[PDB]
Amino acid sequence: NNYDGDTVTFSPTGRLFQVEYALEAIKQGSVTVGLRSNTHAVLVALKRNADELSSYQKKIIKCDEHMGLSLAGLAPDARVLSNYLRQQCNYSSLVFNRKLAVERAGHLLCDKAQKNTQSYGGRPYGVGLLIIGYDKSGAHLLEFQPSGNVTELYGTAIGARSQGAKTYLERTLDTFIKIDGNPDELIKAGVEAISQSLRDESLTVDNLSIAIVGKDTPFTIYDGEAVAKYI
Amino acid sequence: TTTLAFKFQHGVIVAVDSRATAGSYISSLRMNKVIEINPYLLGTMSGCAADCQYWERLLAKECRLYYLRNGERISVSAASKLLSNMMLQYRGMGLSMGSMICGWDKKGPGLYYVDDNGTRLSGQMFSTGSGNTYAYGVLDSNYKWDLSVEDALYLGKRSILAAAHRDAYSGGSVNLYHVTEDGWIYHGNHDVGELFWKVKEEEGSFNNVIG
Amino acid sequence: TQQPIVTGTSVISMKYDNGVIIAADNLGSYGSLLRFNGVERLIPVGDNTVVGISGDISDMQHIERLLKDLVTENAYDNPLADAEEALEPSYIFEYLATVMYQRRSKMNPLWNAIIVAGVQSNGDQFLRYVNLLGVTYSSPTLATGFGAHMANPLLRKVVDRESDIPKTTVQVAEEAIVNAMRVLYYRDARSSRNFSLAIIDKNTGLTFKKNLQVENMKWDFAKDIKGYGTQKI
Amino acid sequence: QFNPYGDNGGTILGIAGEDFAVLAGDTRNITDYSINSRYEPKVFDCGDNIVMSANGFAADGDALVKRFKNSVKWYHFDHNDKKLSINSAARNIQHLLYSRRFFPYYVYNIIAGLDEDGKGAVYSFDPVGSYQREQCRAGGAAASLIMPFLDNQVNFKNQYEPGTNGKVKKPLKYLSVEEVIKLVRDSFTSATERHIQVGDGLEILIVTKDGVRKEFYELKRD
Amino acid sequence: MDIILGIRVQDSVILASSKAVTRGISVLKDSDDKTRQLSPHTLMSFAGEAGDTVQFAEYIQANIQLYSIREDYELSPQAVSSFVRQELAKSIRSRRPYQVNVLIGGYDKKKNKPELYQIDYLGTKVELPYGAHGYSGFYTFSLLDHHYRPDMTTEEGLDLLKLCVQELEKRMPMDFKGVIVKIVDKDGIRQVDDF
Amino acid sequence: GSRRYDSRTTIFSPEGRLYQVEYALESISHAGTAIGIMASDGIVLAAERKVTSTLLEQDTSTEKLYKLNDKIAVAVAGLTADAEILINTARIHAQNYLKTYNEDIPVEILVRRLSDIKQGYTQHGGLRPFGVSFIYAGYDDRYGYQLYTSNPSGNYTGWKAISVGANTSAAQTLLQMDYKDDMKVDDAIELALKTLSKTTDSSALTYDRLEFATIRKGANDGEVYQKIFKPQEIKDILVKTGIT
Amino acid sequence: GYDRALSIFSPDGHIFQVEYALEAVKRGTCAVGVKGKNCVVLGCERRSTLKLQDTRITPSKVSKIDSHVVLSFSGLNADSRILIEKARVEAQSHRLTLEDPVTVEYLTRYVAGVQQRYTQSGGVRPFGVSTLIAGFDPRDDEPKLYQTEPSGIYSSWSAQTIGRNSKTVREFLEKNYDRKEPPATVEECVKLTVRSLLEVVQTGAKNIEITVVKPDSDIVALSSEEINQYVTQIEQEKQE
Amino acid sequence: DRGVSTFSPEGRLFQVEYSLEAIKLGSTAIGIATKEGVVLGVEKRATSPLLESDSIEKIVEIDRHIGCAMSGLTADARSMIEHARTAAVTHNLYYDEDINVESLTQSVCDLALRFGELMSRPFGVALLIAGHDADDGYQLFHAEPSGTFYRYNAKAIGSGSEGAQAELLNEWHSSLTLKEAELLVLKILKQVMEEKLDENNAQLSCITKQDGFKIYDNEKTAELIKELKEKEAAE
Ligand SMILES: *[C@@](C)(CO)[C@](*)(O)[C@H](Cc1ccccc1)NC(=O)[C@H](Cc1ccc(OC)cc1)NC(=O)[C@@H](C)NC(=O)CN1CCOCC1
Ligand SMILES: [Mg+2]
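X-ray crystallography is the method the PDB entry states for this structure, with the resolution given as 2.80 Å.

Per the PDB entry, chain F carries the name Proteasome subunit alpha type-3 and comes from Saccharomyces cerevisiae. The record lists its title as "Yeast 20S proteasome with mouse beta5i (1-138) and mouse beta6 (97-111; 118-133) in complex with epoxyketone inhibitor 17".

Chain E has the name Proteasome subunit beta type-4 in the PDB entry, where Saccharomyces cerevisiae is given as its organism.

## Here we look at the overall build of chain F
Scanning chain F for helices and strands turns up six helices and 10 strands. Reported as C-alpha extents along the three principal axes, the dimensions of chain F are approximately 65 × 50 × 35 Å. A total of 244 residues make up chain F; the buried ones form 53% of that total. Across chain F, contacts joining residues at least 24 apart in sequence account for 62% of those joining residues at least 6 apart. In the structure as shown, chain F presents an accessible area of about 10,800 Å², 49% of it carried by carbon and sulfur atoms.

## Points about the overall build of chain E
Helices and strands together make up the secondary structure of chain E, namely four helices and 12 strands. Relative to its length of 195 residues, chain E is compact, with a C-alpha radius of gyration of 16 Å against a globular reference of 16 Å. Viewed in the frame of its principal axes, chain E has a C-alpha envelope of about 45 × 40 × 25 Å. Sorting the 195 residues of chain E into buried and exposed places 55% on the buried side.

## A word on the site of ligand 1
Around ligand 1, 19 residues are found, and the nearest of them are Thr 1, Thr 21, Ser 27 and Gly 47 of chain B together with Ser 130 of chain D. Residue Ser 27 of chain B places a side-chain N or O atom 2.8 Å away from an oxygen atom belonging to ligand 1. Taking 820 Å² as the accessible area of ligand 1 by itself, protein coverage stands at 80%. Counting residues per element, the ones that place at least two in the shell around ligand 1 are strand 3 (20-22) and strand 7 (46-47) of chain B.

## With respect to the pattern of salt bridges
Counted by the stated rule, this structure contains 90 salt bridges over all chains. Salt bridges sharing partners connect three or more residues here, namely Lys 81 and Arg 120 of chain B, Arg 36 and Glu 58 of chain E together with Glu 99 of chain G.

## Some points on the interface of chain F and chain G
Contact residues are listed per partner, giving 41 residues for chain F and 31 residues for chain G. Of the roughly 3,000 Å² buried between chain F and chain G, counting both surfaces, carbon and sulfur atoms make up 55%. Summed over the three residues of chain F that lose the most area to chain G, namely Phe 12, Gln 123 and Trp 159 of chain F, the buried surface amounts to 23% of that side. Put simply, chain F and chain G have two salt bridges between them. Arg 4 of chain G is the salt-bridge partner of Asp 6 of chain F, the closest N and O atoms lying 3.3 Å from each other. There are 14 residue pairs in polar contact connecting chain F and chain G. Every element with two or more residues in the side of chain F that touches chain G is listed here: helix 3 (107-123), strand 6 (144-150), strand 7 (156-159) and helix 4 (168-178) of chain F. A per-element tally of the side of chain F that touches chain G places helix 3 of chain F first, with seven residues. Class assignment of the residues belonging to the side of chain F that touches chain G gives a composition of 14 nonpolar, 18 polar and nine charged.

## A short note on the sheet that holds strand 9 (residues 202-208) of chain H
Residues and elements named next belong to chain H. The strand order 8-1-2-9-10 describes an open sheet built from five strands, whose pairing is antiparallel. Edge strands, defined here as strands with exactly one partner in the open sheet, are strand 8 (154-157) and strand 10 (212-215). Taking the axes of each pair of neighbouring strands and ignoring which way they run, one obtains an average angle of 10 degrees across the sheet. Across six bridges, the pairing between strand 2 (residues 38-43) and strand 9 is antiparallel. In the sheet register, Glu 43 faces strand 9, and the bridge partner there is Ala 202. Helix-sheet contacts for helix 4 (residues 161-171) involve strand 1 (29-33) and strand 8, and the interaxial angle to strand 8 is about 165 degrees.

## Concerning the environment of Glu 103 of chain A
Along the chain, the position of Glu 103 of chain A falls in helix 3 (residues 102-118). C-alpha of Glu 103 of chain A to C-alpha of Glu 152 of chain A: the two residues are 49 residues apart in sequence and 7.8 Å apart in space. Beyond its immediate chain neighbours, meaning those up to four positions away, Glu 103 of chain A contacts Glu 152 of chain A together with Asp 77 and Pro 79 of chain C.

## What to know about the state of the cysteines
All names here are of chain B. Under the counting rule described, the total for this entry stands at zero disulfides over all chains. Not engaged in a disulfide, the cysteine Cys 52 finds its nearest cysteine sulfur in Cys 48; these two sulfurs lie 7.1 Å apart. Its relative accessible area of 1% is what places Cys 52 among the buried residues.

## Comments concerning empty space enclosed by the protein
Residues and elements named next belong to chain C. Counted as a void, the second largest cavity has a volume near 50 Å³. Among the elements that line the lining of the second largest cavity, the one with the most residues is helix 4 (residues 170-187), at three residues. Looking at the lining of the second largest cavity residue by residue, the classes come out as three nonpolar, four polar and two charged.

## With respect to unusual backbone geometry
Phi is positive for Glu 99 of chain G, close to 60 degrees, though the residue is something other than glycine. Relative to the assigned elements, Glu 99 of chain G resides in the loop between helix 2 (77-98) and helix 3 (104-117). One non-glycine residue, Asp 96 of chain H, adopts positive backbone phi at about 50 degrees. You can see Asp 96 of chain H is positioned in the loop between helix 2 (77-95) and helix 3 (101-112). Among the residues examined, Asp 96 of chain H registers a relative accessible area of 35% and is labelled partly exposed.

## Topic: the environment of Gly 218 of chain F
Structurally, the position occupied by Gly 218 of chain F is in the loop between strand 9 (210-216) and strand 10 (225-228). Measuring from C-alpha to C-alpha, the distance between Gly 218 of chain F and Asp 82 of chain F comes to 33 Å, with 136 residues separating the pair along the chain.

## Concerning the nonpolar core
Within soluble globular proteins, side chains that are nonpolar tend to cluster in buried spots. Residues and elements named next belong to chain D. Counting 50 residues, the largest nonpolar core has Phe 68 and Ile 111 as its most contacted members. The dominant element in this core, judged by the number of residues it contributes, is helix 1 (residues 58-78), at seven residues. If we ignore the near neighbours within four places in the chain, the residues touching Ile 111 are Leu 23, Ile 50, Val 51, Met 52, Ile 86, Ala 89, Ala 90, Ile 93, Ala 121, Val 122, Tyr 123 and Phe 125.

## A word on the interface of chain A and chain H
On the chain H side, the residues contacting the 25 residues of chain A number 27 residues. For the interface between chain A and chain H, the tally reads one salt bridge. Here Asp 110 of chain H makes a salt bridge to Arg 79 of chain A, at a shortest N to O gap of 2.9 Å. Applying the counting rule to chain A against chain H returns six residue pairs in polar contact. Looking at the side of chain A that touches chain H, the elements that each hand over two or more residues are helix 1 (17-28) and helix 2 (75-96) of chain A. The element best represented in the side of chain A that touches chain H is helix 1 of chain A, accounting for six residues. Of the residues in the side of chain A that touches chain H, the class split is eight nonpolar, nine polar and eight charged.

## Considerations on helix 5 (residues 178-192) of chain H
Residue and element names in this part refer to chain H. The end-to-end C-alpha distance of helix 5, which contains 15 residues, comes to 22 Å, matching closely the 21 Å that a straight helix rising 1.5 Å per residue would cover. If you check which residues of helix 5 are buried, you get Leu 178, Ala 181, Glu 182, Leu 183, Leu 184, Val 185, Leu 186, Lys 187, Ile 188 and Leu 189. Residues of helix 5 that are buried sit in contact with strand 1, strand 2, helix 4, strand 9 and helix 6 (218-233). You can read the cap of helix 5 off the contacts: a side-chain oxygen lies 3.1 Å from the backbone nitrogen of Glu 180, and it is on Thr 177.

Here is what the cut-offs are and how they apply
Residues numbered from 1 in each chain as written, not as in the entry; some residues may be left out. Chains lettered and ligands numbered in written order. Part of a larger assembly, values for the part shown. Heavy atoms only, no water. Helix = DSSP H or I, 4+ residues; strand = E, 2+ residues; numbered from the N terminus. Buried < 20%, exposed > 50% of the residue type's maximum accessible area, 1.4 Å probe, protein only. Contact = heavy atoms within 4.5 Å. Areas by Shrake-Rupley, 256 points an atom, 1.4 Å probe, with all protein chains shown as cover. Rg over C-alpha atoms; globule rule 2.2 N^0.38 Å. Near = heavy atom within 4 Å. Polar contact = N/O pair within 3.5 Å; in protein donor to acceptor, adjacent residues only side chain to side chain. Salt bridge = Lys/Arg side-chain N within 4 Å of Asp/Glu carboxyl O. Buried area = accessible area lost by both parts, 1.4 Å probe. Nonpolar A, V, L, I, M, F, W, Y, C, P; charged D, E, K, R; others polar. Pairing = 2+ DSSP bridges. Axes fitted to C-alpha atoms, helices over the stretch in contact; angles between N-to-C directions. Disulfide = S-S within 2.5 Å. 1 Å grid on protein atoms, 1.4 Å probe; cavity = no way out; pocket = protein on both sides within 12 Å on 5 of 7 lines; lining within 4 Å. Points joined across faces, edges and corners; volume = space filled by probe spheres on them. Core = buried A, V, L, I, M, F, W, Y, C linked by side-chain atoms within 4.5 Å. Expected span 1.5 Å × (residues − 1).

Dropping the structure here:
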């Protein structure tokens, strides 16, 4: 109200409204689902178009051979944050000959987003990110909020109507975690999960976007007729 | 190297050798010492190969941007000056570059000499490199404004040959160009070994050499 | 640009069937003066890596602190710091190699020659060299300074190529290293009798031996040597 | 005074075939009269069907290769996973080398692969970034020993057809990958005999449309 | 470059400057004009290190032309010479000084007088009836000391200048390829096309 | 953050005026009147000190008339402290020009430089403008005798006669009435004092409430002399013209 | 440094500071530009509220940027000096780097770019100035006349006016100026420029300034008497 | 007042949303992509008959293979065009090749959100970037001040955008020829424009693989307008 003019101002109840408004931009964004087993991690994203003449906005970005994320909210902010990850992943390789741990990648994103919430002049990031990866401690899935909060999860979803997919994964938890050494079945569970967040529209060939990373699987994105198999 | 270029009635001739040396060792038998900046602009290369390539290709970027901003081709005079100003930034830092900016613009054909010191000279005829003295000898005694395209191409070709023979650091092959108002025209790569014997027989020159 | 002041001489090392061995004497020379006799030039990093350093000691002490700080920093927000996300020899080496090359590129080098010896997570032997120029190389045997000239020839008689590594035992490798250290004591004027030896094995882990001495030395034949040519008495 | 440069010896050789290319190099690494390693790889697969070798000062060579590999990675990120063509890689490397015009990478660099028409390609660089496409190039320590041999045996220089006596040249027939590898091995065996910094081992990387293949051969260890 | 001469007569200033440009052991050009018009009634000749000469001259030219447009007024030769001197005195203590020696020949329209200023690369300014830079003065000043009068005509100034060039051509080891002569008077700047 | 307390000194009003410049001019309209009159053989500067005291040391006091160099002087209207900042900058600018070209700075060039500094404060920086209006009286060999004025907007104009400060509307009408082109300095002196005497808010115009100056070619032969009048000399010229 | 964003968008998609800068131009004295067949004429209003002015030394409304290009304006006088100075520096900088004088279109594009930069830079306000830039390109006999404004947009005009009551004089020019046959001579071009100003000016005495620019750097400013003769001839024909 | 980079309660940047309103006031610009080429057309919208309409440059060349049309505060586009031209030619310098249209568009869009308290506000202009490369063929992009860019088969921006976009919705199909696209741009421009469409107040342009980017002559466009009138009168 009087305390939402900038990010440097707490409200009387201890809230940061600019951060909460940035969080709101994620809810307006298109749905994306993340889930993993012990061998693989999968991202599934519902891409959004402007109209019938337009292309479908890309949702998934590659950060390294073993890591990547999906976005929901302001796409340019995702580009800035993914570019930062690319550099950090790359710094770890060039200097330490070491693949960047997914947990440490989350810590770096948290700290980058935090600086924008405490200083005057700047603004919080207006995007949420689901980071998947495979490192020395196996498969991983992270959820990034521009408040700075990063959370390691078995599965999750963000964006509009994401609560439906999140409930599904909460029921299916014991099943999909056990899908080891079977990438197609893990993707199926993700496609079935994101389907719980659909209304009116359904999953078409240029609508659906899928990514996967695993034990002997580099981070690869599937679009177009490559995802027709899963429709 | 040996390079030359001269204006005449039907445009400008550009001839260069193709040798590259690293001490007394011949590092390359065939190196391109001309850059096609645009269809109406050429640049010769003498001195440090890296310096010649980098800065003249950077000139081409800057000449290209000129066309986009102004909707018109850059003049030879302006192109040569951009390059001389580039040299003037790295003044005394150790660059080694000698080049002739050859082309055709609204004032007709244009030829400008430019070097690492920032020197920028307009003129009808120039020659750069370790063998420029040998080239000038043939050029000065045989040059006319009234030269035919055929005879002019031969003069530049013959002048490089003279240098390639005497100068140890010049040779390999001869690259010829002819610049007109419709643009530059490449007139091929000519091996000096074969060209020498041919010229000797046809012309009767190089009598002292046995063949 | 500097000059080295207090210096450490040869660091020698070699691979064997189950790991690596590395050794270095305990001397800190000040030109021709044998100034400091209790200097440890083998520095362990965790339980899987030993960094052996020769050259300027003040720069060695600086590097020693960088490695100590590296372990601290790796443990931060790392529940697997003593397990899957523990420091590897290849991480430690590449870090040092980055630092050395950066410093030489600023014309302010760390005046050292370093050998990183260790065993990787998968049981593979790690042995790689780096120096003040940022020059890196790996070989079944590695040595710095005088060791390169005198130790390598002896160690290469045991492991002449990659295929000799599985045939070489820890007893044979240690014996060769200890003999090399004796030869260096005979012939390197900036060496000492006292030295340290470290073994990093994929089964038995890190064994760090201190206060070792060169023994079984041959000097008796000196009594018979008289004059420099014609002198009999 | 601190000398930031050094000489790690070694010799490299790139030959461009009709539909293939090879990039060979010895595996010996040295300083002065000492051997550092008998097997220290010098030729690398950089991705996108491109092979590369930076011969001379190893520290600068490793740095350049590392930066080019990095340049390939960011080329994929920035341009929708587009393949980096051999000519594009060459021009990119020129700018990498010239970025240190006043404190050069002390290396003679060669890259090899295939052009966009499927034909064999070799590009040669000097330490400051001048480059050009070639058919044949030896670089490094024994470069002066090997190049004349390749002028004679690859481009058939000074070779004429018997009976004509200098009137008709030997025609420039293309060489197969098996024929090229023979010339490569004989080049390095000859260089090993008369050059002290050449020996120990020979590693060859062959590039075709099918991918990158490796071949290793022992050399004299003296 | 090498030889630049200047002489101030009754009603004009005459500048003579060599045509040669050498690079290595080869004379690249024998028709080079070592001068820039700073303003309609002010001419500056120059000589010094290669590249620096033209860059400095054109920089001065731009500054004076900028002043002329801003004020719609031509600076006096004295004012221009002082500006040039300051730039050179500023330059000599720079990281990389400009090694350029100049003569500034101008006609002051206010005072109706010709004026010649000699300035070296250190910023050493002197107003003279006749001047030179480098070794040129060693050969020519004895002739000028002898023959010069302040009431000389432009034609007599040119004749005395010819004698100076003839002496240079006889006693210098250096072939400077003749000179381009320019006259600065009340009507402006013009070039003597036959010399 | 800090934005909350920013007045924004460099913005347009909806009508296209610069608030601070307009309010600075309002400030200047309460300042003591300063008058400049240009004649064929010299220039006059006359100015009124604001409600003085008997205990003010007048002979060592200077609030209106300042010397920029030997050829150029200024009359001030507005904040004296603001004016001194600008005056010292102008003095330096004149010396820079003299060092560079070895000639005294032309009047307009000095005026333009100061006016450009004033302009800068109205367009960038976020600082309040200088609450000062100048009357420049000067001489050079190009245009001879010149009068200029500058105000906080950084706009300057040339004048034959002009007033700044209080009652300029009334003062300008009086000057426009009695001024003629063939006028001389002694006549201009009388006009300046008569105008002040009629426009003043004080009961009577006396020597202790005035600063006065002339720039004359009335110097021995072709040269210019600046005369800052002393208290006794102002008292004499007041009696001469018939005001006291 | 002072970084405050003064020029910003409003809910309706307007940048008020740029629009208020146009109001400053509306307040400024009228300026007019008319190009004939072989010339361009720049006319400028001088408000007669200011008498006792010294017209010798008072800043003239038309300013030479180079020997072949001129610039007049309407709006804040102090602001115009900054644009003029920048333009003059760029003109010499262009000659120095490219060895050709600027084209009129290039010079306009530069001045317009400066104005634009001041609409999206922190801590600065837009120029309260619109300019008319006229001249002839080197070795070209085609007349050039351009206009710029605070927003930074620019365009070429056969004839144009800016400043106070510009709406009225533009109305006059739109009906009087024929594109198929523009003022063939200098006289006709000046006459039309004076006529257009007489719709707005008040008195035709010292209130009208005229500057004729012809090809090959031939620029002259008409005197009071020369202009007065045009004013006399126009009204004598009008009495009919 | 309030921050320039402030979020609204709905999760949108106020300034970005307000710049979009400025673009709605701009003159109409239309782009249509086909397999024979991409056509770009614009409404010139001269404010007066004395304004020489040929000096209105709302269609612009970025490279030989990339063109660009603009709508909104067109003065803001000049620095964007300058950056695009620099990016295009610089990539040619570094990689000895043409730059991808998407990569060029991405480079332009990276400038968009570089505003705060960098430039002081977002751009008040939208761009239709049309081009061709070997990888993805003929492409049309819509670059907004939000930093977002969508690829389009056909797109209209400016004051008559939603009306034109609805028309492009019905008319566009994947088998359009270049000639058909040209007439279609002219048809829709004529529909949404206030004044009567002719060769002087409207401009056409195209990008083909062979000839590259070309702005159409007024004589060439005039014939296409006459061809349009006759075919509409044909039924
Ligand atoms: C003659 C050969 C003078 O020696 C001539 O100037 C050529 C000019 C030239 C220009 C462009 C490309 C190639 C050649 N110069 C050279 O050949 C120079 C000679 C030279 C050496 C050192 C210098 O110090 C600044 C200046 C000039 N040679 C080189 O530049 C040489 C170091 N480079 C190469 O040989 C590069 N090649 C080697 C073969 O692989 C591709 C790159
Ligand atoms: Mg050998």
